[PDB]
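Structure record follows, encoded as structure tokens.
Protein chains get the first letters and strands the later ones, always in sequence-line order, with residue 1 at the start of each.
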Amino acid sequence: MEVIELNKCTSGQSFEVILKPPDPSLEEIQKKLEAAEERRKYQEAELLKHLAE
Amino acid sequence: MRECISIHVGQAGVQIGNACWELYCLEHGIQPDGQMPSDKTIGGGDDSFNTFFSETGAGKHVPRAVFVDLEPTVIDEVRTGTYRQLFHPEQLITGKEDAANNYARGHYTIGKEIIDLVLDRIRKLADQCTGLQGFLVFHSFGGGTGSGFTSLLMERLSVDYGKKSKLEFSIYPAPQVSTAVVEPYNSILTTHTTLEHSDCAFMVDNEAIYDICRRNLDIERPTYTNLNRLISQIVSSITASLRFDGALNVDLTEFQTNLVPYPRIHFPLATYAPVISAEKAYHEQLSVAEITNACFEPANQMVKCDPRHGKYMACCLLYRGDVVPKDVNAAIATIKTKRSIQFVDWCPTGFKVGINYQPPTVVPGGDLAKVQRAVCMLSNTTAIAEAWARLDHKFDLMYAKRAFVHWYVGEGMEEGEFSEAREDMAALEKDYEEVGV
Amino acid sequence: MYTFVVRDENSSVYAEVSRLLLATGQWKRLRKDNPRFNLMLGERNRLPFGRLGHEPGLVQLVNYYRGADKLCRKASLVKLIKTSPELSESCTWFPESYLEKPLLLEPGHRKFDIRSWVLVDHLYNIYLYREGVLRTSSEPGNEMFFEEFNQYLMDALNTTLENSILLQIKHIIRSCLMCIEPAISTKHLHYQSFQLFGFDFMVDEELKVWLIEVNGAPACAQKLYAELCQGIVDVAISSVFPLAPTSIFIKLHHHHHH
Amino acid sequence: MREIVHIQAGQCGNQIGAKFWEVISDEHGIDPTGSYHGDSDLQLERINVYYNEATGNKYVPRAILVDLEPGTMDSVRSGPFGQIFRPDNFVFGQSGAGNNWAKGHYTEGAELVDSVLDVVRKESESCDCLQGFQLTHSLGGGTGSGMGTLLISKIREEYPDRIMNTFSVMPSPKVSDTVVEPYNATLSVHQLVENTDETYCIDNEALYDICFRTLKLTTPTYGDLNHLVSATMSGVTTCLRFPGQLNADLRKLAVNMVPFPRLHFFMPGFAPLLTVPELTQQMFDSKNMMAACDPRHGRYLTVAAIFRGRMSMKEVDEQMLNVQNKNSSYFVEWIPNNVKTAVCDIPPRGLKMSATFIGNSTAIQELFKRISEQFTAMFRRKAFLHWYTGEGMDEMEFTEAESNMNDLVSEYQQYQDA
Ligand SMILES: Nc1nc2c(ncn2[C@@H]2O[C@H](COP(=O)(O)OP(=O)(O)OP(=O)(O)O)[C@@H](O)[C@H]2O)c(=O)[nH]1
Ligand SMILES: Nc1nc2c(ncn2[C@@H]2O[C@H](COP(=O)(O)OP(=O)(O)O)[C@@H](O)[C@H]2O)c(=O)[nH]1
Ligand SMILES: [Ca+2]
Ligand SMILES: [Ca+2]
Ligand SMILES: [Cl-]
Ligand SMILES: [Mg+2]
Ligand SMILES: [Mg+2]
Ligand SMILES: [Mg+2]
């Protein structure tokens, strides 16, 4: 049980005790968002079309 | 002195956010109007608490925080509450229409509308930072905003601030307080999308917090207000090193270094003690021995699981109050001989310890009693993977019948993203299985 | 109305326990994968201990101790007895890990191995079923029960089963179980555990008992299923879920001061 | 997600809608003149969900009153709260609809519908954030049934991304006006399956049996049936009218309650007609259901309970958790935690505490089978069809409605065996 790297200051202290040794791009995000947006717009188009019928 | 900006997303994040800042202010002697008598460097300074607060010429200390929600009723409470003076209007951003407990709606549909505005209001905080460390993101797994908008935000932060560190405080879903049947879906969806963009995440399971309130504070039926105050304490302990003079976990990078050997396994279990009722007439103050021992009781963990049946990759002790090393060592000496504490064979079976002599601060008229010493333990145990297991099962049950899936596809998502997110979670549950073997 | 679930149909013992629970009109059986249960007579492998004690409003109890396989696995047991300081390298009762000089019954000049049944409840009380059995070679049931094996000892060797053998057995049981208690106890856990164990022993010619192996999913002697199983629900199940003697179990407790 | 637009159509629709407004007006401390006189302020905290604010701190219902004949609407304008409604929001023709779905949907109704949509529009345009519309109506007449579903179709077209919610009174021989009610109902159900997100199935059979067997009223009037209805409508909308976290708006309700788009027909229940235990047993028994279906003949997909009054939250949760744990057979295993509970501190009028039940059960198929049986008994012999073919309709349209509803019943059944 070895205490090491003990550091002391006015508001406490720290140390360590050992017991035993042993990204999508900006474009890339906008496209996914717009890809989903169109799928929405498409489904709405199918609905309004169905209603029109 | 490097700054830290906090981002509170959705009701949970916002409501938990409001509690931490109420607490911080009490702890740093900062009044509601923002004045701070003990601070002598007016309108300036690079003290430790400046990593969380900035200063105005008038001598006001302004939280480096941004509140976001796709609906205003919750953030409106901040705008009009006890600490309305603390925050500046640009920091509080609200939409019109929430995500309806729907990841896809928060991420794609409504996220696209409000994302750029958010990144700007954040950029305005970043521009006022001499050396920004990174972000602390607070949110729920189950909410549509909390899950869906947060992961979008996280993706884009990694773009606009590729070098900065990102820590998470995530509220994991519990039926005793959950507000939706699809929170399992949202949880997996947001985890799958956020995984690569989060350096360290602390999960708080409402189930665990709920019972701790009942068991230890004798609260019949805990409200979010009870839950959030216990949660605020644990959060305060974790961020204290960044806000006070110390030498352990002094920056966001250190959390990663001390608690996260493997990037994907970045969910440290937190355990806190002691939790004592304020309405308790007579109390006998707990020692270092007793509180350090409670850290190994599942009943005190932020997530209910059993570390005895897993391996540790790291363990870190954060004390607050009347404590000195000898006592900690002697407490650890005993505990080792009376517990099943097993590390992965490829790590040192040790403990990084940190003590701040200032005992925990409690809110006037709060359910928590004042103590002379307390401790939060962060340990990266493979046992927390039990929580992924529970979740993955619930997800499997509903998805097998495609229940509720139409609500997500209807918002522009695709069944595909459901099974991608689930496979990744299957990987996570295996990565834990190997390390843990 | 208590509810339970069955996830091991090959279980000789708990299939009988199920019958008794239904037979009290105060327990109803849910489908194996209904989570709203009080009791789980879980499967033998990959028992999902991770999903227990997470149902609000339900006290949940399972019939296995998570981790107890260390005892019930040849390689694990051996490893456990060495590494474990409390067991020690020392411990007379465990073979170096064959008996060239076993005890013998007459007539027949025959060997055997003793089987004792032990129940550990949620509070970790250690209960030893007063009835054991012997599995004998009829070559130089085959089932031999205590009354007659006790009578034989009183004749052949002028001693009793209690004195020459049962003292060591109780010692071995108490030693193995209380050794791993810190690793498996469900004392402050979100779910509870109990488990029926089967210990197998040997007796050399000097009347010294030796531990063979420990089985975590043991069967029972045919006529005993009735008595034992009633005891299982009596002290392991009804104790956590009370209904609206002369115990069949010897409570293994011993606290010597020093 | 704040304002709701309320529409009430036909004799039935206007009669239950008139009571709904009287009832909630009371709860929110509004009197017939539109003036607030409340003691608490929870009454006003979400008053904007159902009321607009006019000049002089007057709250005016966001309600639109529709009918093809004046009678019932003249009757409303005279009743107690008749002066509370915006005079412009009365929209009525003179011809009536003759209990004929075709007249409501295709002929008489077509002529009146645009003027209604003009009112719906002005109500919408001054909405800080409209969440959707709720319609009250019967399915067995002509105006509410035929024109009501016509309205729903038009509204969806002009507001495709808003929520459509209905209270639909289903017809029953025991409380009948004409023999063609199965035709009208079947035609409507088909419209509803496609064009609504949530429909509360209010069965006139159930309502009558409750008034007779339980309330012990030897001869119940429509007024009696409407006492139950207005009380149920109060209960199921509580989460939208008062501060809460569960099903606080129409969309979150739909997300929690509807696992498959077509299965959105709910079984309401109310109690009393009193300890937390007693509330929780009653709300769940057939004899408190407003749809004449046995829940023990099906499984619950989802459930929404709402308790009102000052009571122990701990006991509520104990009682709710216990009903499920003790009948966990009737809740499907493939939707974890499908029962959500809310509590509101403000109880209805004259009661200390009550509970409202909203269940998406597969037993609801029994209601659709009954109608389908009645519908088929006549259609087989083409009886009474001339009233419809005279308005331009063709048999083909009937054959489809019959088929589409048979499907609906087949769907509910497959998920009961999953
Ligand atoms: N601990 C805690 N949990 C909360 C709080 N508020 C909500 N939750 C939990 O968060 C989950 C719901 O997500 P919310 O944060 O409420 O929803 P949201 O992020 O605003 O997203 P939407 O409302 O759907 O747009 C549930 O599991 C709740 O139990 C809170 O104040 N404290
Ligand atoms: N519960 C209830 N049902 C009604 C009422 N009035 C009519 N009904 C039912 O509604 C159907 C008749 O439709 P109705 O609304 O009168 O005709 P409409 O004006 O053409 O839509 C029949 O099933 C009646 O039993 C009422 O006031 N209360
Ligand atoms: Ca300063
Ligand atoms: Ca005309
Ligand atoms: Cl950067
Ligand atoms: Mg919200
Ligand atoms: Mg063997
Ligand atoms: Mg009529």
Student check: side-chain heavy atoms of C:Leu71 and C:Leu177 closer than 4.5 Å: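 Of all side-chain heavy-atom pairs linking C:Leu177 with C:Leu71, at least one is under 4.5 Å.
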Check: D:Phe265 ring centre within less than 6.0 Å of D:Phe368 ring centre: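 Aromatic pair counts; centres sit under 6.0 Å.
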Largest heavy-atom contact set with chain C, pairs under 4.5 Å, which of D:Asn325, D:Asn322, D:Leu321, D:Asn337: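 Most pairs with chain C among the choices: D:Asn325.
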Portion of D:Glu333 that has a non-hydrogen atom of chain C nearer than 4.5 angstrom: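 Contact with chain C involves the side chain of D:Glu333 alone.
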Whether C:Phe199 and C:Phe201 hold their rings parallel, tilted or perpendicular, with breakpoints at 30° and 60°: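 If you compare the ring of C:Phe199 with that of C:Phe201, the planes turn out parallel.
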Contact leader toward chain D among C:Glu55, C:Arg36, C:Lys28, where contacts are heavy-atom pairs under 4.5 Å: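 The residue among C:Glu55, C:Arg36, C:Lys28 with the greatest pair count is C:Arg36.
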Backbone of D:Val276 reached by a side-chain donor or acceptor of D:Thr280 within 3.5 Å: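 Such a contact is found between D:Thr280 side chain and D:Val276 backbone.
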